[PDB]
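Only one chain is included here, represented as structure tokens and corresponding to the form deposited in one PDB entry.
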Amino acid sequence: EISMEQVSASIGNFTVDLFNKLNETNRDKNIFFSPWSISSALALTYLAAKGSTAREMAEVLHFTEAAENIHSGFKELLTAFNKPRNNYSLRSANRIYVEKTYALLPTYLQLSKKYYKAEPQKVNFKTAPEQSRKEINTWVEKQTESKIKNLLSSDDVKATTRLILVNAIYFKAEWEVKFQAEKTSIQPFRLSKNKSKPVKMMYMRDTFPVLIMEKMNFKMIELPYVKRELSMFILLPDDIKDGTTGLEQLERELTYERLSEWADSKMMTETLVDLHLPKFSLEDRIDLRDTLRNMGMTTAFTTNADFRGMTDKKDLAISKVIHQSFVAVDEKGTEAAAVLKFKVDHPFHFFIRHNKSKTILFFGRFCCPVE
């Protein structure tokens, strides 16, 4: 209803903040994550949190400024994203793994099942961390169509471990207008002004929604997936006018109010585009603990955690929050194939949105070819 506009708003907001915490750390590497996967998975743990443990989560996740409405909107976004006739696949693997000796509460089990069609699993961390680890990595792999194995490493599961919030996601979708295999060729992608790197550069001449933000020195394109249910927006700085990537201005002015304003700007108009879009497969994996504690989520990770929404006693803390998303940008879309100049050969911000509800599913900055 409107219950799901809040969840979408909180995500887009969560997105930028999460980007900003990461960006200040590493200014020279690719930043890519699924804010929907991350947020929807912490919602599982927020559901089980009490007091300021619960409050710190709701505040960083943007569920409140200073509950029911949030879980309700999440359910209906999860319901919408998992329709059968959808022209796109979100192979999502959100689950919390709790130690076998913790007495879980029935109410939490039926509330978790209702809003998320997900429920807490009991593994023996205490005397069999590896059997638990392999069991989790196997589930995460079977949920993400084999695309994400070994989510948790050996150093992530110990006899200590009490709770693991895994959250992975594999993206499958096809372009509305897809590139032609024969027109993909090797071309330089400019990292800096001075340094560049070759990449398989895809190309097509076709019409797309394009916004020309002259005052802010960039241009943005909308590349719809099939039926335009999902789209990927790409924000290109007019050029590299920086000591590094060329995005230093966009990041120093990044905002969600702005982001969404440009996304649906009536000033965005159909345009015939000479489009050059590099192939890339991003499989970023992030251990979110410290990153979340930096964003304001402290208590959930301490001995003072209060997750008595799921357990009877105040002895449960989050141990690991491990995220990983796999997204490819290829000729057909997520898979490979068998007049305004829009040449993407310099660092760019991008995001895959679910158009109807305006939920950002993926967001990142591509600057730095992994190959």
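Throughout, rigid core stands for the largest set of C-alpha atoms superposing within 1.5 Å between the two forms. Sequential numbering from 1, following the sequence displayed.
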Check: How many residues that are in the deposited sequence but not in the model lie between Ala338 and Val339: none, 1 to 3, 4 to 9, or 10 or more?
Finding: 10 or more
Notebook entry, point to check: So 281-289 or 75-83, which one's hotter by mean CA B-factor in the entry?
Noted result: 75-83
Note to self: Using only C-alpha atoms and the B-factors in the entry, which stretch averages higher, 323-331 or 27-35?
What the structure shows: 27-35
Next item on the list: Among all modelled residues of this chain, ranked by Cα B factor, put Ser265 in the bottom, middle or top third, i.e. lowest, middle or highest.
Entry: highest
Next item on the list: Ordered by C-alpha B-factor within the chain, which third holds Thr311? Give me lowest, middle or highest, please.
Entry: middle
Notebook entry, point to check: By the record's CA B-factor, is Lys356 among the lowest, middle or highest third of residues in the chain?
Noted result: highest
Next item on the list: Tell me, lowest, middle or highest third: where does the Cα B factor of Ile70 rank within its chain?
Entry: highest
Note to self: Where does the C-alpha B-factor of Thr245 rank in its chain, lowest, middle or highest third?
What the structure shows: highest
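There is another form of this protein, the form deposited with a partner chain bound, and it is not shown here; the text below is about that form.
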Notebook entry, point to check: Ok, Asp239, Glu253, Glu257, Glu130: which has a heavy atom sitting within 4.5 Å of its partner chain in the bound PDB entry?
Noted result: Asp239
Check: Of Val140, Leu247, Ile164, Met297, which one comes within 4.5 Å of its partner chain in the bound PDB entry, counting heavy atoms only?
Finding: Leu247
Note to self: Within 4.5 Å, heavy atoms only: does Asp290 come near its partner chain in the bound PDB entry?
What the structure shows: no
Margin query: in the bound PDB entry, is there a heavy atom of its partner chain that lies within 4.5 Å of any heavy atom of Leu152, even though the partner is absent here?
Written below: no
Notebook entry, point to check: So in the bound PDB entry, does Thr303 come within 4.5 Å of its partner chain, heavy atom to heavy atom?
Noted result: no
Next item on the list: Spell out, yes or no, whether the shortest heavy atom distance between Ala317 and its partner chain in the bound PDB entry is within 4.5 Å.
Entry: no
Next item on the list: Name the stretch, out of 93-101, 131-139, 221-229, 110-118, where some heavy atom lies within 4.5 Å of its partner chain in the bound PDB entry.
Entry: 221-229
Checklist line | Within 4.5 Å of its partner chain in the bound PDB entry, all of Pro188, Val210 and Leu235 (non-hydrogen atom) | finding: yes
Next item on the list: Of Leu292, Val98, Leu235, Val273, only one moves its C-alpha by 2 angstroms or more between the shown form and the other one once the rigid core is aligned, so tell me which.
Entry: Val98
Note to self: If the two forms are fitted on the core, does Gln249 show a Cα displacement reaching 2 angstroms between the shown form and the other one?
What the structure shows: no
Check: Superposing on the rigid core, is the CA of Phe218 displaced by 2 Å or more between the shown form and the other one?
Finding: no
Item checked: Core fit, then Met202 C-alpha moves 2 Å or more between the shown form and the other one -> no
Item checked: Outcome for the Cα pair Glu99, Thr299 in the bound PDB entry, compared with this form (closer or farther; change of 3 Å or more) -> farther
Notebook entry, point to check: Closer or farther: the CA pair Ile96/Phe301 in the bound PDB entry, versus this form, with a change of 3 Å or more?
Noted result: farther
